[PDB]
Protein chains: 2
Amino acid sequence: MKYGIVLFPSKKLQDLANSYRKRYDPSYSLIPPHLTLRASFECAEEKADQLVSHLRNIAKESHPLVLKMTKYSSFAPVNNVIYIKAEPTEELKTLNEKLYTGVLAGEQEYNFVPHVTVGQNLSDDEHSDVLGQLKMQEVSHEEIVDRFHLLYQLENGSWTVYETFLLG
Amino acid sequence: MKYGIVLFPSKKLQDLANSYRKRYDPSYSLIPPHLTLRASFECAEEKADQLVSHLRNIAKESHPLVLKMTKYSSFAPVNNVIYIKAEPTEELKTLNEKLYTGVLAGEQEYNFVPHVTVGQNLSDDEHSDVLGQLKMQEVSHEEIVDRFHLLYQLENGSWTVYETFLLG
């Protein structure tokens, strides 16, 4: 099935993101606010234990990540996704690329934009309006996240947590 | 801070439950199909370490639980809650029982009844229609769940996973 690896921030940041997600993010009812660490992938069920297996080691050789949120931004015109930008760090970069090693082997490691999505699947007009009111909305939040979660997708598209991994 | 401790069954069972929750369960968009936690409670988010310790240990002396779902039933006329019934076991009972000891001690129960909700907060009439449909609708599913999750409630009522515990 489909697996995903993400970071779930403090609820203060989840609530913040949800105050906007409730109206502009179809994923609202699919998964809590989050920061993707690896593009979701397909993995064979009996080839999962080694998965969890590798994630533990990646986790053990890492430390809690500091997340400095500084502004709202978009991926347009590449994608009408609006999000809370997170200042990229070498730590974030290293974990992301490690998630493309071993049994999560390769095909990648890159231009990684750590972010917390607050809106997507927006028409261009939809997008202008939101980015508009969302531009004059300041944001200055910083925190440390000490774990990441492995998830799998349901038939309805939602995501369920399989295992949590502590950092360091 | 609100916490809940629950079991997330296989994808196959969640999807089955969701095919009904999508229609009849307000929790549909708040949390994936689950088998309750022990009742949810109000802990001081800052004394969450104790909690996590006590849980890790309870999980230590437990074992993967077998869930054999036998049918759809209801808690009427106490609550118009329609659910999928799991066969009660000493194991589920013992673990439920251990979730009310130590720092999680407080006044427990009223019949712990292993279940997965597919419908709730229903009017008497809609409840009558759904039970008439599901009560005799066949269901035979069996699986072994090897972990439980601790989660906390967001402002919007949805629940996010804080930590996962392996049984054994």
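One-based numbering along the chain as shown.
If you're wondering, the header gives X-ray crystallography, 2.3 Å.
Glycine is no exception: its Cβ is also placed from the backbone N, Cα and C atoms.
Among the features that Swiss-Prot reports, active site, proton donor is placed at A:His34, with the record citing similarity to another entry. What Swiss-Prot lists as active site, proton acceptor is A:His115. The motif 'HXTX 1' feature in Swiss-Prot is assigned to A:34-37. Annotation source Swiss-Prot lists motif 'HXTX 2' at A:115-118.
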Densest Cβ neighbourhood among A:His34, A:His115 (active-site residues), 10 Å radius: A:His34
Rounded distance in angstrom between the Cα atoms of the residue listed as 'active site, proton acceptor' and A:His34 (active site, proton donor): 8
Helix-strand-coil residue split for the motif 'HXTX 1' (A:34-37), DSSP-based: 0 helix, 3 strand, 1 coil
DSSP-assigned states of the motif 'HXTX 2' (A:115-118) in counts, ordered helix, strand, coil: 0 helix, 4 strand, 0 coil
